[PDB]
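Data first, discussion second: the structure below is written as structure tokens.
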Amino acid sequence: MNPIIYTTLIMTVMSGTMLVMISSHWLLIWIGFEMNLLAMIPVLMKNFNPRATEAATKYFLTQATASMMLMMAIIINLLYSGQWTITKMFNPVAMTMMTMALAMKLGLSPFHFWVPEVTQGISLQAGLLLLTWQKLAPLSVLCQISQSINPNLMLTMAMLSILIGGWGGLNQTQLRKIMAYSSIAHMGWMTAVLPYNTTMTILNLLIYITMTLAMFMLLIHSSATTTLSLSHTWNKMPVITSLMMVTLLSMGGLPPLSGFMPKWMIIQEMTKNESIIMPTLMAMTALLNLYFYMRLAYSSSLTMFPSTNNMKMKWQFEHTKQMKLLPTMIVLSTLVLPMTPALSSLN
Amino acid sequence: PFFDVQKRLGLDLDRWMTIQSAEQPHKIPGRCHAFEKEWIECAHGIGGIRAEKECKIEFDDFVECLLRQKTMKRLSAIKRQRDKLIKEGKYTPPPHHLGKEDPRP
Amino acid sequence: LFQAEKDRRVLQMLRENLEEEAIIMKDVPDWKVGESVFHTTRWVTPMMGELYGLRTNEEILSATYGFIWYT
Amino acid sequence: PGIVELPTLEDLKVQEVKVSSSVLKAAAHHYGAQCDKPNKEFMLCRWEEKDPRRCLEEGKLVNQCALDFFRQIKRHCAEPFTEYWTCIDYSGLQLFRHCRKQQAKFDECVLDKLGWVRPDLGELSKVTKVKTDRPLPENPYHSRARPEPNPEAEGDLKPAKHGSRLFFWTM
Amino acid sequence: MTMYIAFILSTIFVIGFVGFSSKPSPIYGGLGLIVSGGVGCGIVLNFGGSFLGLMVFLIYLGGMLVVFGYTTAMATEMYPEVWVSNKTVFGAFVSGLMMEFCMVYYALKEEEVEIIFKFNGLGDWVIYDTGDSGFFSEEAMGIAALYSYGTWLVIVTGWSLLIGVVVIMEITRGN
Amino acid sequence: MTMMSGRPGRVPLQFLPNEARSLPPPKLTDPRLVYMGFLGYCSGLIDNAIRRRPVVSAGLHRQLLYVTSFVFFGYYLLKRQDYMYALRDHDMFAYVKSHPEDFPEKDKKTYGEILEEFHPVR
Amino acid sequence: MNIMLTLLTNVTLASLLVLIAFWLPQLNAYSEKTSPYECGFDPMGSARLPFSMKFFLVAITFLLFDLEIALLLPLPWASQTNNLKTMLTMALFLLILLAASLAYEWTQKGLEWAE
Amino acid sequence: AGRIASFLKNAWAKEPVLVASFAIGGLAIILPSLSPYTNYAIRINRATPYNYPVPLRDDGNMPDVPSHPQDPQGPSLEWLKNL
Amino acid sequence: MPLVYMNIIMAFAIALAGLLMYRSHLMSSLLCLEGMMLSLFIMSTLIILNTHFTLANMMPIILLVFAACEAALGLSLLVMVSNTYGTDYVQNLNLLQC
Ligand SMILES: CCCCCCCCCCCCCCCCCC(=O)OC[C@H](COP(=O)([O-])OCC(O)COP(=O)([O-])OC[C@@H](COC(=O)CCCCCCCCCCCCCCCCC)OC(=O)CCCCCCCCCCCCCCCCC)OC(=O)CCCCCCCCCCCCCCCCC
Ligand SMILES: CCCCCCCCCCCCCCCCC[C@@H](O)O[C@H](CO[C@H](O)CCCCCCCCCCCCCCC)COP(=O)(O)OCC[N+](C)(C)C
Ligand SMILES: CCCCCCCCCCCCCCCCC[C@@H](O)O[C@H](CO[C@H](O)CCCCCCCCCCCCCCC)COP(=O)(O)OCC[N+](C)(C)C
Ligand SMILES: CCCCCCCCCCCCCCCCC[C@@H](O)O[C@H](CO[C@H](O)CCCCCCCCCCCCCCC)COP(=O)(O)OCC[N+](C)(C)C
Ligand SMILES: CCCCCCCC/C=C\CCCCCCCC(=O)O[C@H](COC(=O)CCCCCCC/C=C/CCCCCCCC)COP(=O)(O)OCCN
């Protein structure tokens with residue numbers, strides 16, 4: 001694919017997301033979603049390798065079904081009140097339809113099935129895009145209509161996402177599927193606090209995005225897509241494995257690392273609304289994510305796996321293209337907790 | 001989330017089409033222009049939480065204009081009572097309700 | 001002139017409907033004759049179910065589809 | 001929530017203008033020039049009151065003025081007018097363009113019989129002013145009292161007392 | 001209840017939807033979608049939407065033609081299925097017809113609420129406007145306002161169509 | 001829910017309203033600014049480590065740019081955070097003042113008049 | 001109503017013609033007569049086997065180009081607006097983008113049939 | 001100055017259809033911006049009375065508003081009949 | 001709500017159920033997608049015509065445009081899948097698991 005065509009398709013994806021986030025008309029939000037999907041399909045197929053065709057087909061079917069449901073919710077809302085502005089969704093049936101459509105777009109359980117498959121089917125750069133930039137538009141729409149979201153349905157889907165991400169990640173040796181299940185669990189954490197405080201949702205989204213960018217850039221630097229391939233990195237770049245272990249610890253929510261800040265900030269918020277059992281279940285369920293991060297840390301950094309003879313050749317060559325924002329990403333994803341009160345700048 | 005660039009720049013990308021009481025071509029009005037105008041002027045500036053309670057009368061009138069549920073209920077009741085009165089035969093509807101009227105210009 | 005005649009025609013049809021309503025629903029438990037459905041007291045344009053509700057199907061078909069079906 | 005007030009069948013009685021559409025179109029320009037004042041008074045009442053029940057007398061005066069206009073036309077020369085509106089009425093679109101000789105004859109009769117001057121292109125579509133003694137309605141929409149707004153933000157901005165006050169943070 | 005024209009058209013619309021949703025051979029699915037498109041055009045015409053109905057019928061006919069061409073190439077299935085050639089397709093078709101009939105019966109004689117609201121029938125002629133004015137078409141004026149009011153819509157739609165051409169040519173490249 | 005997005009008089013994308021100039025700016029020796037600079041320095045060290053350069057002394061211009069960028073961004077971030085907290089306190093105090101019936105001043109008894117249950121430890 | 005009558009009349013006339021065509025003459029149908037025609041010899045495979053489309057990309061492009069004419073058709077009514085400059089700018093913009101898409105497909109060999 | 005002439009000659013020899021299309025499209029783009037009749041077209045569109053002109057309540061100090069359609073005040077369409 | 005509105009809504013629900021229940025062909029599912037788009041067009045047009053929302057009359061046309069972009073997209077994918085398997089059956093899309 002031509003570099004100019006790639007650049008214009010990336011611009012179209014970000015333009016669809018921006019159109020969703022700056023529009024006050026439901027039709028323009030739907031158009032932004034349509035444009036985003038249209039430009040996103042070829043990005044997943046940049047390398048042909050028919051698994052990418054399967055991933056793109058599954059992604060297209062899921063997103064198009066969600067778009068159809070979204071348009072129906074819009075039309076029902078218009079029918080019961082001649083309103084096109086994005087507001088508290090005067091009709092409840094339309095509100096349920098939109099909640100389900102946005103959950104399907106995000107990949108919340110039980111609409112989560114497509115995420116591991118699509119992430120495994122595409123390249124690491126496409127997975128980075130899909131797991132970071134694609135979450136903004138549905139979450140931005142959900143934040144605008146949060147005052148009308150049925151808490152029961154959203155909290156059920158959030159708990160299901162946390163549980164299913166934690167359980168699904170345990171059985172994975174492929175790194176991309178591990179990232180997908182982590183994404184599902186973090187999505188559940190994001191949407192659990194949305195009906196109570198959208199600033200906490202934005203804070204969790206930002207912290208998750210920086211941690212995910214760090215992890216994906218680290219997996220790009222050492223071209224590993226499996227556990228056994230990542231177990232060879234210590235014999236070529238020990239620093240990369242050390243930073244990967246620290247980032248994995250942060251994603252597990254361990255203090256005093258950055259990943260502890262969202263959960264800590266969410267539980268507290270949920271307690272001010274007299275929600276006690278729910279945060280306790282979510283906090284105990286996140287230990288599954290911690291476990292399957294710790295297993296990867298064991299395989300890649302805390303122990304030394306056997307290597308191969310040809311790795312000696314690789315000792316003579318340096319990484320040519322460098323990611324400039326990787327050091328900032330690692331620092332922001334680990335050493336940021338003391339600056340927690342800065343979250344007030346998000347509201 | 002919502003980045004209000006239209007408000008910051010005064011651009012009006014899509015706000016012209018949000019409501020039906022907003023500057024139609026050839027000044028063609030919506031079916032419920034007055035009701036929506038009244039509801040909007042009631043609910044302006046007081047917030048959604050206050051508007052949902054204090055402008056409920058205007059919004060209910062606007063919804064009645066939009067869907068006409070009460071009007072259909074009333075007409076259905078009237079026609080049902082008329083059918084009951086005619087089936088046993090003590091109504092005899094007037095000639096101008098049967099087609100024997102003298103029309104006016 | 002057309003507006004004046006239209007106003008008189010609509011008002012007369014509404015009045016005839018009201019007079020027939022006063023007779024049809026004489027013995028309905030708590031039916032208030034001529035009761036509006038809107039909280040407001042301003043004029044509201046009739047719905048054509050309010051004007052041709054008590055009339056034959058021919059004039060209803062005319063008033064509804066005569067212009068569309070005319071070719 | 002209230003009884004809809006309706007006029008009686010007597011109050012809606014009026015002497016009808018029972019001419020056909022082609023007859024009205026043949027005389028449309030002269031009629032618009034001659035009966036302009038009552039027509040504009042009725043239209044101003046209609047667009048200001050937003051209620052047909054409040055402008056019935058103006059409509060009756062409109063009908064009366066139209067009747068006088070047609071009475072004058074019938075009394076002075078009805079043959080040229082009939083010849084004009086017949087050719088107008090033949091056309092399926094009722095085109096002025098196809099009756100220019102009959103229109104000329106009618107105009108020449110009414111110019112000397114009554115002094116009537118046919119309005120030029122652009123005149124009947126002007127926005128005009130109307131002198132009326134009818135008071136301007138105060139609340140035509142029958143609006144309710146608008147709810148009071150949330151009060152205001154007043155005063156100066158001082159630093160937060162003891163900082164953010166978030167858990168152990170002292171700033 | 002007057003001439004039942006709108007109700008009959010809507011029922012045929014639903015029947016065509018059931019026909020192509022039972023998923024027989026895509027030839028017959030295209031036929032069912034064409035029938036639904038024509039009937040929906042009729043429905044929209046019965047409400048004063050001449051341009052919109054004709055427009056959607058014209059668009060669908062063209063779209064279906066491409067689908068037929070693609071079906072003959074990639075969805076051929078040596079023994080193509082009709083609605084009575086398989087128990088699954090016939091069962092889905094009968095289920096759709098029965099559900100449509102049950103819903104109509106529940107909403108017709110009585111006034112039942114299925115999901116959102118209820119219905120008594122009364123014919124769709126009740127909710128019309130009575131508006132008597134105009135030397136133009138309101139629908140045509142609203143559609144033509146796209147080039148004066150909807151500049152933003154034209155911009156985004158044109159960019160999307162150009163991107164769609166680029167996108168299809170990228171996807172079908174292969175290599 | 002969003003608590004202060006719809007605050008009246010708010011400019012959409014300002015990041016620093018005019019009224020914020022009424023507040024004392026953070027000192028340049030603010031420990032939070034020092035932590036911002038420390039984060040920049042750590043980013044520079046990690047950049048040296050990944051690029052396989054002498055970590056402590058490889059690029060002094062690059063490390064200086066890292067520290068300077070972090071401090072520069074952190075200063076405005078601290079200003080916005082302080083302004084937002086001041087706004088929260090201002091609104092809370094105003095709302096308490098304007099709703100006296102909801103925050104009634106209560107005369108407090110002394111511990112010589114309050115009867116607390118005694119629970120022996122035995 | 002008149003168009004519905006016209007459609008019913010046309011369909012009825014065509015169906016009646018089919019009925020007379022199938023019920024008036026004498027039919028002698030045997031297996032050899034009704035067999036498929038392939039120039040005197042039996043077909044090798046089925047006619048329901050896949051048939052390759054060499055113009056598939058042009059066929060897909062036809063959908064977008066067909067929606068563009070739906071976008072362009074309200075132009076006679078759009079030419080009556082007061083903001084003539086804006087309407088003309090948007091109409092020319094739409095046509096220019098259509099022409100640019102056609103040019104892009106042409107230059108990248110999108111109009112050539114597959115071999 | 002000399003390259004464009006050779007390119008145009010080759011295009012006219014090989015693809016006259018494309019040359020004609022580009023010339024006609026360029027003329028369609030440029031000419032409306034240089035024509036004095038575009039303003040006249042806008043004025044003609046503005047002169048068409050699709051809706052009723054609602055009269056104004058005479059407050060007493062609007063000299064430019066007519067009191068009768070045939071009064072000299074108000075917009076004039078004399079420029080149109082001579083066009 | 002009149003009977004026409006619930007008939008259109010029922011058509012949408014039927015088309016959604018048809019999409020969500022795959023048989024074998026991807027083309028059948030794409031036809032269900034087009035049917036959902038058509039039901040949305042009819043519903044929105046009926047609402048806009050009934051309420052005389054003049055500007056919104058341009059909305060359904062736009063809705064048609066992005067319908068085609070979805071069809072042309074889907075058809076494109078159907079080509080590529082076919083080129084891999086000689087068949088548009090959805091059972092062949094099973095290289096990636098959960
Ligand atoms: C609440 C506040 C907080 C807000 C938070 C916001 C969200 C936070 C972040 C969200 C998540 C971020 C995820 C990033 C996705 C990255 C994906 C990617 O590109 O590949 C991964 C990439 C792959 O690495 P690689 O393997 O080494 O690269 C190999 C190549 O890909 C091999 O491929 P190649 O050979 O083809 O190489 C081509 C290469 C080389 O590129 C070139 O050669 C350049 C040539 C120029 C081509 C000319 C094109 C011009 C014509 C096209 C016109 C299109 C118009 C469209 C508009 C239509 C309008 C309707 O180009 C690229 O690789 C990608 C180009 C990227 C272009 C980006 C343009 C942005 C578009 C913005 C649109 C918005 C407009 C306004 C909208 C208005 C509404 C309508 O890795 C990274 O890039 C590292 C990650 C960096 C991400 C950024 C980190 C966070 C951001 C920090 C910055 C500050 C942000 C806040 C700013 C606030 C405002 C000031
Ligand atoms: C891991 C830590 C987070 C890293 C995030 C990226 C860091 C780089 C900084 C990003 C630069 C962009 C922000 C500065 C440009 C000006 C911003 C301005 O234009 O926008 C304002 C917005 O300003 C931003 O919100 C402030 C950005 C500050 C981000 C830092 C907060 C991080 C949380 C605390 C963790 C500590 C990390 C500190 C750094 C080490 C307008 O506000 P408003 O339109 O009305 O609200 C929008 C949201 N609403 C409507 C839904 C309410
Ligand atoms: C130009 C367009 C407009 C035309 C307007 C007229 C429309 C005409 C309708 C079109 C059909 C034309 C067909 C003409 C021949 C008739 C064929 C058939 O009807 O006759 C037999 C019908 O008879 C059946 O065998 C059964 C007869 C009785 C059983 C059912 C009928 C019950 C009706 C009661 C009859 C009792 C007396 C009624 C007095 C009114 C079937 O014979 P069959 O061999 O297959 O077909 C080949 C006909 N051949 C021989 C001429 C070649
Ligand atoms: C600040 C951002 C600039 C850089 C970022 C670019 C990203 C945006 C893409 C293009 C921005 C242009 C959109 C601006 C909105 C247009 C509407 C507004 O500007 O007014 C219109 C002005 O539009 C004019 O036609 C000129 C602007 C059209 C520009 C031509 C198209 C160029 C767009 C190219 C970028 C899009 C993506 C790439 C496509 C190739 C019409 O005004 P008017 O009709 O008086 O009054 C209407 C109200 N009435 C009806 C009540 C009377
Ligand atoms: C400035 C306004 C422009 C916008 C308006 C245009 C309206 C519509 C016209 C554009 C439609 C799209 C056209 C597609 C472009 C075709 C590109 C192409 O690939 O053409 C090549 C051919 O190469 C060319 O492009 C043709 C020559 C260059 C283009 C035409 C001339 C460029 C413009 C000339 C007119 C400019 C003004 C006239 C000058 C007047 C004299 C002073 C095709 O050749 P093959 O198919 O490979 O042949 C195989 C069989 N042998």
Side-chain angles (χ1 to χ4, degrees), chain B residues 57 60-61 64-65 67-104, chain C residues 7-64, chain D residues 1-13 51-54 56 142, chain E residues 1-2 107-108 121-123 125-128 130, chain I residues 2:
Chain B
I57 277 155
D60 284 341
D61 277 338
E64 184 38 33
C65 182
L67 291 159
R68 290 278 181 161
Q69 273 140 353
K70 288 167 183 173
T71 303
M72 307 200 235
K73 253 140 210 180
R74 196 170 176 82
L75 295 163
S76 278
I78 289 265
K79 93 181 307 223
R80 270 188 334 258
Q81 176 81 4
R82 179 256 288 270
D83 198 348
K84 194 259 289 281
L85 265 196
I86 289 180
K87 196 86 165 143
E88 48 86 26
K90 62 158 76 30
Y91 175 42
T92 58
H96 61 270
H97 276 185
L98 311 166
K100 293 343 272 172
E101 201 186 13
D102 38 10
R104 51 184 323 157
Chain C
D7 286 346
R8 288 186 218 103
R9 193 165 65 252
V10 157
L11 282 180
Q12 190 179 265
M13 269 165 96
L14 283 179
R15 172 54 95 164
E16 292 170 327
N17 291 343
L18 187 77
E19 314 274 25
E20 282 320 293
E21 176 189 323
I23 284 160
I24 297 202
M25 290 228 165
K26 176 206 226 63
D27 54 351
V28 157
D30 50 45
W31 186 272
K32 191 206 253 263
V33 169
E35 181 137 62
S36 170
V37 305
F38 300 100
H39 298 288
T40 197
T41 58
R42 72 163 171 279
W43 173 260
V44 189
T45 304
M47 199 202 76
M48 167 129 51
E50 308 176 76
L51 291 173
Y52 294 89
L54 315 173
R55 287 182 173 240
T56 51
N57 290 359
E58 289 85 35
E59 35 193 341
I60 294 182
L61 256 272
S62 76
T64 310
Chain D
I3 287 328
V4 182
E5 205 44 69
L6 292 180
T8 61
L9 290 185
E10 206 313 321
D11 219 319
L12 299 176
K13 244 161 273 171
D51 198 349
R53 303 167 307 180
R54 307 270 75 79
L56 280 173
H142 296 202
Chain E
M1 38 291 291
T2 74
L108 192 43
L122 266 177
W125 67 266
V126 291
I127 43 152
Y128 278 65
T130 68

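The basis for the numbers below is simple: all heavy atoms, side chains too, and nothing from hydrogens, waters or symmetry mates. All chains are named by letter (A, B, ...) in the order of the sequence lines, taking the proteins before the strands, and each is independently numbered beginning at 1.
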_CA sep, side-chain torsions, deciding dist, call: C:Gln12, C:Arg9, side chain to side chain contact (heavy atoms under 4.5 Å, CB included)_ = CA-CA 5 Å; C:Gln12 190 179 265; C:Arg9 193 165 65 252; 5.9 Å; no

*State, yes or no, whether a side-chain contact exists between B:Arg74 and C:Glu21 at a heavy-atom distance under 4.5 Å.*
yes

*Can you name the closest pair of heavy atoms from C:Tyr52 and E:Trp125 and give their distance?*
O-CH2, 4.1 Å

*Is there side-chain contact between B:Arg104 and D:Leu12, with at least one heavy-atom pair below 4.5 Å?*
yes

_Electrostatic pair C:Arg55-C:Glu20, nearest N-O below 4.0 angstrom_ = no

*Please answer whether the main-chain N or O of B:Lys73 pairs with a side-chain N or O of B:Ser76 as donor and acceptor at a distance below 3.5 Å.*
no

_Pairing of B:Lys84 and B:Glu88 as salt bridge, 4.0 angstrom limit_ = no

*Which heavy-atom pair separates C:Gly49 from B:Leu75 by the least distance, and what is that distance?*
O-CD2, 3.2 Å

*Rounded to the nearest 0.5 Å, what's the gap from CD on B:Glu101 to CD on C:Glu59? Could you check?*
7.5 Å

*Hey, mind stepping through D:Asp51 and C:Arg42 against side chain to side chain contact (heavy atoms under 4.5 Å, CB included) and telling me if it holds?*
CA-CA 8 Å; D:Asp51 198 349; C:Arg42 72 163 171 279; over 6 Å; no

*side chain to side chain contact (heavy atoms under 4.5 Å, CB included) between E:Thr2 and C:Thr64: does it pass, once the steps are laid out?*
CA-CA 10 Å; E:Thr2 74; C:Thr64 310; over 6 Å; no

*Separation of B:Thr71 OG1 from C:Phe38 CZ (nearest 0.5 Å)*: 5.0 Å

*At what distance, to the nearest 0.5 angstrom, does CG of C:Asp30 lie from CE of C:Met25?*
10.5 Å

*May I have the step-by-step check of side chain to side chain contact (heavy atoms under 4.5 Å, CB included) for C:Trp31 and B:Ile78, ending in yes or no?*
CA-CA 10 Å; C:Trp31 186 272; B:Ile78 289 265; 3.9 Å; yes

*Given side chains that start at C-beta, do those of B:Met72 and B:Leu67 come closer than 4.5 Å, heavy atoms only?*
no

*Taking C:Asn17 for its side chain and C:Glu50 for its backbone only, find out whether a donor-acceptor pair lies under 3.5 Å.*
yes

*How about C:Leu51 and E:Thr130: do any of their side-chain heavy atoms sit closer than 4.5 Å?*
yes

*asked:* Assess, by modelled atom type and distance only, whether the side chains of D:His142 and C:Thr40 contain a donor and an acceptor separated by less than 3.5 Å.
replied: no

*Short side-chain to backbone donor-acceptor contact, C:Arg15 and D:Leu6, under 3.5 Å*: yes

*Distance, nearest 0.5 Å, that separates CD of C:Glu58 from CG of B:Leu98*: 10.5 Å

*Locate the shortest heavy-atom distance separating D:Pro1 from C:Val37; write the atom from each residue and the value.*
CG-C, 4.1 Å

*With rounding to the nearest 0.5 Å, note down the distance linking CG in C:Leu54 to CD1 in C:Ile24.*
5.5 Å

*Before accepting this row, confirm whether a basic side-chain N of the pair C:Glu35/B:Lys70 lies closer than 4.0 Å to the acidic partner's carboxylate O.*
no

*B:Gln81 side, atom CD; B:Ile86 side, atom CD1 - distance, nearest 0.5 Å*: 10.5 Å

*Is there a donor-acceptor contact under 3.5 Å from the side chain of D:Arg53 to the main chain of D:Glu5?*
yes

_Least distance between heavy atoms, E:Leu122 atom then E:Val126 atom_ = O-CG1, 3.4 Å

*Quick one: does C:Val10's side chain get under 4.5 Å of C:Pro46's, heavy atoms only?*
yes

*B:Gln69 side-chain N/O to B:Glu64 backbone N/O, donor-acceptor pair under 3.5 Å*: no

